[PDB]
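Have a look at the structure below, then the notes.
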Amino acid sequence: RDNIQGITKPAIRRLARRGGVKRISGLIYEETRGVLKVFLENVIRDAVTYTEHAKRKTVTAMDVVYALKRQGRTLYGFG
Amino acid sequence: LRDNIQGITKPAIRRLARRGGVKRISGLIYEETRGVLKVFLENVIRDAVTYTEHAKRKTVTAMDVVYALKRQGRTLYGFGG
Amino acid sequence: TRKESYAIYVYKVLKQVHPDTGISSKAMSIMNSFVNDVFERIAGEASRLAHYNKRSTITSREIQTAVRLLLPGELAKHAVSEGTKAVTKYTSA
Amino acid sequence: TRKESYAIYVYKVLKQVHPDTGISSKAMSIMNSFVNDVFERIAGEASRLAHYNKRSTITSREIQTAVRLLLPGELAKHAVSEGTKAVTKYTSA
Amino acid sequence: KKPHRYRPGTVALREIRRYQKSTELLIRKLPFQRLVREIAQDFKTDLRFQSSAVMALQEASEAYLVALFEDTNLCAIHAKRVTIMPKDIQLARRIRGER
Amino acid sequence: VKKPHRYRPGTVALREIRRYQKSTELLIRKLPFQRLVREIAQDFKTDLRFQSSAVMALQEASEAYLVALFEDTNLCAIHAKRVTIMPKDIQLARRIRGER
Amino acid sequence: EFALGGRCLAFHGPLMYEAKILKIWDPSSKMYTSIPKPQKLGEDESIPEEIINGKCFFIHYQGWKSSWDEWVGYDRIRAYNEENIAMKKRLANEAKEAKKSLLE
Amino acid sequence: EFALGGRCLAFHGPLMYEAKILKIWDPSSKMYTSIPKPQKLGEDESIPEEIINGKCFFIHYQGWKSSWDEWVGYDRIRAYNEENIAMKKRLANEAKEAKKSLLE
Amino acid sequence: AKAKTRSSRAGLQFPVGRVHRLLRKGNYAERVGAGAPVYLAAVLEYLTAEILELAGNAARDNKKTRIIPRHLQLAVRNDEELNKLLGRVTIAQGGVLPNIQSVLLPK
Amino acid sequence: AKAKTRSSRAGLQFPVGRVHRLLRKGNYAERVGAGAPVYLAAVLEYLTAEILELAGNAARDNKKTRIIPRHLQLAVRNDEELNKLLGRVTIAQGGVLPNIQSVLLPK
DNA sequence: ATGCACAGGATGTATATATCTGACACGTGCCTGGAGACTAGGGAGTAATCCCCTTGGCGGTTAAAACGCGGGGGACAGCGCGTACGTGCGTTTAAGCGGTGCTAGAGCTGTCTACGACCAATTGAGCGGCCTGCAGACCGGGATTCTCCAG
DNA sequence: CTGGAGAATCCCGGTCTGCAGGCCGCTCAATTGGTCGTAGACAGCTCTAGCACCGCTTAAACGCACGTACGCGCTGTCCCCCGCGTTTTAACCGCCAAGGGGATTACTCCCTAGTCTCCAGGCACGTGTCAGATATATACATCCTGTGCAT
């Protein structure tokens, strides 16, 4: 049930490395998880909204694309 | 019309920073603030004049400025809307 | 010519909530701009919803979904309840 | 059924600029998304411009003004040049 | 026989409270109008201006500058300083997205 | 007299920064992120099914957001004459971005 | 030296301060003349009894605020001249010497 | 003591380290027995002649990379016991005092 | 029968008919349902009521009987969800919230 | 006579008729001019050509004959005006530009 | 004994060749979406009119800007410490992949019913113009608060 | 701590005025009632892909030891920005005058929507290479610690 712990410390470290971060405090990882969770909520909610307007039960890639577009994060490569 | 950015004086920038909650201001801040204000005003006025010219007008109206501000993600209430 | 605004309806609502409070012309202009901006947001989102689902009509379901998309938290739930109440009262009478 | 895209035209443009370079499917999908996004931005700005001036028609002047409003610096100049050249060639022919 | 001067920083807080309570414009109007006209001179010649357009420009510009100073102050406090510096403004504008 | 070889602190870190700024693959594991997505999508609706591309797009967007936030966090940490990112740096970055 | 609007330099203890004058007193007529003016003694204006009968002047000090205006007579108000500036610097130097003796 | 996969100790100058055995040598048959099995000397496996005729052991040292595997004869490798760990600490203290003399 | 406005039919203060006309004239869709203007007018009325109530509280706190842009700004920026809604909006002549960082306080 | 496309008349590679249909059916205005789809198709083709030229250059610098998302990301982010145009756009499988801050380098 | 400057072993990164695959490019059938032709009527272009509001000038007052100066306290640099990070190795874990299986639900088609556009007559809600009393702005002088320093 | 002193602000009457709010005439947009066509609600069918289970395999995560470099507290210097008095400038107000251009109204005409007919551009699907993947076997380039020079 603790699926936020599945976003492990090495993965956050890899993301920081791609972000150009050399040294990472020990308190970062938990903090990072929090931020990620919030972001996901803000997207997933909106996605589900579209899924419920179309009277669908399956969330499609276009619902995610629309939620991202309306939150100011346009994404290419998924339709 | 030349060298009017120096009409945005140091006391005015100081008051603007006081309203922002700033307690101590380095002496190299006023020129940077003038440059930032110039950039912002240029970006807004370019779109305002584009809107004025599309309408074949010669005077810039408040609505042109409002639409220019809205296009840049800065909605302004209270000027005709 | 003649220009239309929401001033009289804003004044009615103000006298409903604060019967002994006035309002200046600048504040009324700001409130009118607020109403217009919210109208534009909701209408544009409803148009996008209709287009996404291959529909020609903007119904109250699109308005409700746009309200849920554009309003945060408790505002969205209260607005949805108010809109449902208004539509029910309109359909009954 | 059949779903339309801009793939063939993007491929023709690619074979004009780089006559020996190919393109993968993911990159082509990204280019299709880019074309759709630009189309939507320009059409929306042109519609807003038309409504602002109380006009029912989207002409090429609306497109030109929208392009000047949405593209930065030299991109706007070059795009306006291409659009004017295309319109002149289309009308003369 | 002492001039009775205040300590450095109390008048600054006093005017912080003074200007965080009022709502009027903080820039002079004629210099800002001249600056607006001079900037617009390079986009179209013989332009006219409604007074409400200049008013809207001034309101938007001062709101923008006040918000930028509010971010600059956080950036300066982050460096464990009390004085704002141009690098604070640059970092704020870069994190916002303007740079 | 035998010594074991080991780089100094800050060498493997730079090697990894160069490695991961060169590739484009996703960095989070797929099944854990899928379980996280499916759990978050339960305070909204029950028995939701997901297309594979939906989860793929969610992962792309979330990783791009995290990488950009880490870049801003690194700038904030450097501004304070440091090389180590701390939660206050993330908080300041999100406050200046407008998220807070 | 001594005129309305003209400068003056007056003692105050072991130091002196330089001021600008606004009122000229006349004890024979008991009236002051000012500039924005033979006028009777003011309802809020007065002079200490040791200088109200002498040639007094209402001075405003330079570097001091507009509230330290003082009625000083010819006992302290001296003639602003070159020697006056010299003795101004002289008592400034002696004040510096006294401060250094307090310190070192 | 001396078995495939069992722990063993090994000398190196004045110090000692724990290793894991993977190939035990029989010289008369010239074959090593290995665990992932009597097999001959391989295309790259080879032992020097002064230890190829004795009971040798191909070991990998614990705490050291897999590039430093060593073919040690019966001369250094001892049977793993607690007395061997006591000797490990003996040589550890020897090296500690040696370095402390190098400095102090 | 005598004319009865749709606003009175739905029990609203905002004009349902004007909202319907604006929805039809805005090139939002080809057609507009019958219950969409009612819903939209109800939502706009509720939001106006919320902001007006908060602004009236803020005006009575400052001891005045009229709402000025300052009171609207105070109401919006003190309310968390209204601040989220109008997060990219500038209210003319509204000023700022009086907030001072603790590290700048005299110590 | 025989059918001739409008893109051929305008000297374009993008479909003028399809853009005209997408403008008519997109709820942008009541009427669409004759020269609007031509202008829009020309602008779209110009932007596509710019991006594809830069991406082909990037693919050649990597000694590849096919454009992948990485090349598009490099082309867009290395060009200043194209980076400003796609400021809020996320390209999937595109990565980031290789950039390490100076103070993090070994000194 | 300390900062400089080489030698060299370790190690992880880039190059070179080779083999294989599946992803891209090309080829063919077809069908529906665009092109050609034509009509009508209304949106837009043009010309005349007006009168508002934008620009320009000039004089007087004084608020605000500019300027000079002394001094506090804040910036910043250097130093010492200890501990919280990085590195690397042995071990455990679960992700990834391939496979089999089932069915919920996405997607599509056909029918026809109710709902929304459209139009003609009616009229009252809302806009504009006008007026006026009071909420609020502006004073001014006592009252009270806040800051500073000296004891 | 702790009175005083000086400055800043607050408070409470008294006067004045612009505009907020109410009233009024009128007109044009909302309402009502009836027609009609078609968008989508609804029911049914297909078959796609999403969820579930399971068995190997090995890459990755985890735990832990060790050490060192970095974050942080502390101290000292100096310089630069603040508080404040004095002089200077030009912003602001008021008042007026001319005319440019935005708004309005009438008239016309051409250009775009609508409709029909037709045919080829583009799309869906089927094949076949070869660019890229993947694997293994070598040059480089750095990292880093041990050499010497000698100050």
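Backbone-built Cβ (ideal geometry, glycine too); neighbour counts: all protein chains shown. No lab work stands behind these numbers, since they all come straight from the coordinates.
Only one entry in E:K1, E:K21 is more than 7 Å from every other protein chain (Cβ to nearest Cβ) and either within 8 Å of DNA strand L (Cβ to nearest atom) or over 15 Å from B:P11 (Cβ atoms) (or both), namely E:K1. Looking across the stretch D:43-72, the residues that are of a type outside the set (A, V, I, L, M), assigned to a helix (DSSP H, G or I) and more than 20 Å from B:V65 (Cα to Cα) come down to D:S60, D:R61.
Restricting B:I5, B:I13, B:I29, B:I45 to residues that are aliphatic (A, V, I, L, M) and over 15 Å from the mean Cα position of the chain (by Cα) narrows the list to B:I29. Among the residues of the stretch J:54-93, the ones that are under 22 Å from D:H78 (Cα atoms) and within 12 Å of DNA strand K (Cβ to nearest atom) come to 1 in all. Pairing each residue of the stretch G:1-22 that is in a loop (DSSP other than H, G, I, E, B) with any residue that is acidic (D, E), provided the two are 6+ apart or on different chains, yields C-beta distances under 8 Å for G:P14/G:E94. Would you please name the residue that is surrounded by the most Cβ atoms within 10 Å (Cβ to Cβ), looking only at residues in the stretch B:48-58 that are at the interface with chain E (Cβ under 7 Å from one of its Cβ atoms) and over 16 Å from the mean Cα position of the chain (by Cα)? Checking each candidate, the answer is B:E53.
Quick test for you: out of D:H51, D:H78, pick the one residue that is surrounded by fewer than 19 Cβ atoms within 10 Å (Cβ to Cβ), within 7 Å of another protein chain (Cβ to nearest Cβ) and not small (G, A, S). Exactly one residue qualifies, and that residue is D:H78. Counting only helices (runs of 4 or more DSSP H) wholly contained in the stretch F:12-100, the ones carrying 3 or more residues that are surrounded by 16 or more Cβ atoms within 10 Å (Cβ to Cβ) and touching a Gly at 6+ places or on another chain (Cβ under 9 Å) occupy F:30-40, F:52-79. Remark: B:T61 matches the filter, which requires a residue to be at the interface with another protein chain (Cβ under 7 Å from one of its Cβ atoms) and buried (at least 19 other Cβ atoms within 10 Å of the Cβ). So, J:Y39, is that one within 14 Å of DNA strand L (Cβ to nearest atom), of a type outside the set (A, V, I, L, M) and crowded, with 23+ Cβ neighbours inside 10 Å or not? Here the answer is yes, as J:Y39 does meet what is asked. Looking across the stretch D:1-44, the residues that are out of contact with any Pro (no Cβ under 7 Å at 6 or more places or on another chain), facing another protein chain (nearest Cβ under 8 Å) and over 15 Å from J:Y46 (Cβ atoms) come down to D:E4, D:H18, D:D20, D:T21, D:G22, D:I23, D:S24, D:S29, D:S33, D:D37, D:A43, D:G44. Summed over the stretch E:69-80, residues that are facing chain B (nearest Cβ under 7 Å) and out of contact with any strand residue (DSSP E or B) (no Cβ under 7 Å at 6 or more places or on another chain) total 2. Within the stretch A:20-39, the set of residues being surrounded by 22 or more Cβ atoms within 10 Å (Cβ to Cβ) and more than 14 Å from chain J (Cβ to nearest Cβ) comprises A:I28, A:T32, A:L36.
To keep it simple, each residue is scored yes or no on (1) aromatic (F, W, Y); (2) in contact with a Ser or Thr (Cβ under 6 Å, 6 or more places away or on another chain); (3) more than 7 Å from every other protein chain (Cβ to nearest Cβ); (4) over 30 Å from F:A80 (Cβ atoms).
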| position | (1), (2), (3), (4) |
| --- | --- |
| J:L23 | no, no, no, yes |
| J:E30 | no, yes, no, yes |
| J:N57 | no, no, yes, yes |
| J:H71 | no, no, yes, yes |
| J:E80 | no, no, yes, no |
| J:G95 | no, yes, no, no |
| J:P98 | no, no, no, no |
| J:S102 | no, no, yes, no |
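Go through the stretch A:1-11 and count every residue that is assigned to a helix (DSSP H, G or I) and more than 8 Å from every other protein chain (Cβ to nearest Cβ). Matching residues across the stretch A:1-11 total 3.
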